[PDB]
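Just the one chain here, laid out as structure tokens, in the form deposited in one PDB entry.
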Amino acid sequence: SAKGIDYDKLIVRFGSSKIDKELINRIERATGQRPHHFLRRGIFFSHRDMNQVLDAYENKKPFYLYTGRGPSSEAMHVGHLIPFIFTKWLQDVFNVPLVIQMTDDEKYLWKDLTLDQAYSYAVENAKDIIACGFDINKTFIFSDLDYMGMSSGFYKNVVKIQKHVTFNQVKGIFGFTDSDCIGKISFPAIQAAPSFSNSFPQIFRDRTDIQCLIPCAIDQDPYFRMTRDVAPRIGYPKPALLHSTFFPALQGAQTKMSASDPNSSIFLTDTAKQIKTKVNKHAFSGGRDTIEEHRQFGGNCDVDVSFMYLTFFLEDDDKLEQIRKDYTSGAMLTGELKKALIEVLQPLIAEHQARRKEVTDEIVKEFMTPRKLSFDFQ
């Protein structure tokens, strides 16, 4: 479907629960802040135990944030930023510590990479993540390869989890086969491990009762569905989830943007010209065949990739609505909608590149150094 995938159905067959006006109102109530547009516009549409997190936050109880990034390469696209942009907002609004897993071991196992390459992509991607604005005093960005060997609790949990997840379970959840290397088969435990606070003793005082909130693209849910199942089996609380939709590929919402097909992506390193070019020449249009027909029948926002992008990056709700109405009425031609998006993306990407340029190795190193964060858990 050109309308993108059916998320309402995805929620159902996934067992998650939808983020309704009720939950969005509570989030605004508890925080006293207007909810981020990702929630208002349905971009972050699903969740698991978000009310629990809210209860905890409601009663001054602690909780922490956790997301990850598979460093497949030094090239990242705007799609990759969505969950991070949101996680950064969550960190500022709730003012909690954040844990960001860089699965360099995952990509070593799955791709034709060297340990050093994989590790090197984590460090490089971390600069982009730091460019999103995370507070150096409230966030630990770690590489699985490095951290496994310098944590008195990370591996211990990986093992616990490994004892409670069978090969059948992962064949059924992730689709592994008898031909997959043992590394792949047991990897899910690595990604599940950061859901438990005692995986990070340096930041949590050996405590294991701290609520964990995991914001992520819906495609990561199977790992945490599995995590939540074992949490009780090993005496730990279930991590909560906040699911986001996929950022659409240029060719159409039928697919999500993917570094695999570079033609469907707008990279964080693309020049202003390349951005303009990819949008004009490749962004699927919900507009009409001829401009005459466009003026007459108007465009279809529900399948127009450029409009969808504005939904993610145009913050002003009024300007977005105006644009929706004028495109739907024909008052605006896809060429203008296109130009409107381009004027939003170019600065968004240029600014990001400017931020990235500021994060030095000394800075990346501190972010990645296991340490006590400016929080007290006693």
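Basically, rigid core = biggest C-alpha set you can superpose within 1.5 Å across the two forms. Each residue number is its position in the shown sequence, starting from 1.
Below, we refer to the form deposited in another entry, which is not included among the displayed structures.
In a core superposition between this form and the one not shown, the Cα of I218 is the only one among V305, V96, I275, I218 shifting by 2 Å or more. When two forms of a protein are overlaid on their rigid core, residues whose CA moves 2 Å or more are considered shifted, and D112 is not one of them between this form and the one not shown. Superposed on the core, the two forms barely differ at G153: its CA moves less than 2 Å between this form and the one not shown.
Core-superposed comparison between this form and the one not shown: the Cα of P201 travels less than 2 Å.
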